[PDB]
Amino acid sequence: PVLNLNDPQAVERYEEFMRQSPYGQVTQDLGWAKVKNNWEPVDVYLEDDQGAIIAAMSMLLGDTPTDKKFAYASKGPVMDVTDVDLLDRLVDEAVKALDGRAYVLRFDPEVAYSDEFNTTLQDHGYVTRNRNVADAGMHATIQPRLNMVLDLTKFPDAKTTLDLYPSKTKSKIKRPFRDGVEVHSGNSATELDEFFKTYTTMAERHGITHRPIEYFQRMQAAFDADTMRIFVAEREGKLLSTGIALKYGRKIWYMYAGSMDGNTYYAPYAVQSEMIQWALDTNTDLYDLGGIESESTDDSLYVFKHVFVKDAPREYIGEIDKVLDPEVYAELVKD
């Protein structure tokens, strides 16, 4: 069925399934539509015989240069997407709700790439985008497929961040604190203003764009301080670096960062350490530092993230595309 976003009880029941699912993702929460408020939300779900939700897909619809919309369920759907006969059912409900308005329904779940799952999806009529489309550009994937995820369940007795690491990395993490870096965290307007200063400074220093502060305000209004937390590293009253992390489902995700110019006294390591400590303190299974371009020393995202994640990056299946208007799909989507 399709969710009526005007029925608060229905909305809460859907939120309850999403927040309690092992496959929950913050970008499938309904709060994510509030953040991406320039997209149109359409949300669907299936129930079991007892009428409980068993699977759900939050979509956002965006414009294209054609008469069709792009329908995107970011990191969904929420279920075991390897159960492809259940996924087909869920997707059929989604396609019904889109009602011919979109040219594709794309979803990019966090499930491991494998040849057999790739092949299964293709045999079920989906178009997949992964190893066949690797690169950076108008045609690469929306979410990075290679991600640095620390599995904290490998360290069931860890009490603090440093318990997870070899002595050479304990020294890396200890350094900013020894040098007077101190981290505070919260989700008020004051931490957001700190973040936004460091975020726009970094963006100016790299000659890149940044999202407007209203996006993060929307985020702060959609998520409370047990879901969304901004960590602000300073030294002797001087602002150095910040990061935003979202706790949802089985993971805390380091989603945004900023840093001042010049000497930052390894403050980013202090921010990671504290994010990690929040994952330990809440008994959260995974800490996700997000994407890399290649598992290579030449990749600076990889270099920094690999301090914290010594295991293999996770490689996900990529983009799964339920093609709805093939003519428009071919115009807009190339390898």
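Throughout, we count residues from 1 along the sequence that is shown. Take the two forms, superpose them, and find the largest set of C-alpha atoms that agree within 1.5 Å; that set is the rigid core.
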Core superposition done, the stretch whose Cα atoms deviate more in 6 other deposited structures of this protein, picking from 206-214 and 119-127, is 206-214
Judged by RMS Cα deviation after a rigid core fit in 6 other deposited structures of this protein, the more variable of 136-144 and 256-264 is 136-144
Stretch with higher mean Cα temperature factor, 298-306 vs 276-284, is 298-306
Stretch with higher mean Cα temperature factor, 266-274 vs 289-297, is 289-297
From the entry's CA B-factor values, the highest among 159, 251, 218, 229 is 159
Among 77, 243, 125, 100, highest Cα B-factor in the entry goes to 100
Temperature factor at the Cα of residue 110, chain-ranked in thirds, falls in the lowest
The third of the chain into which the C-alpha temperature factor of residue 173 falls is the middle
Here the Cα B-factor of residue 10, set against its chain, lands in the third termed middle
So, residue 211's CA B-factor, relative to its chain, sits in which third? The lowest
Temperature factor at the Cα of residue 46, chain-ranked in thirds, falls in the highest
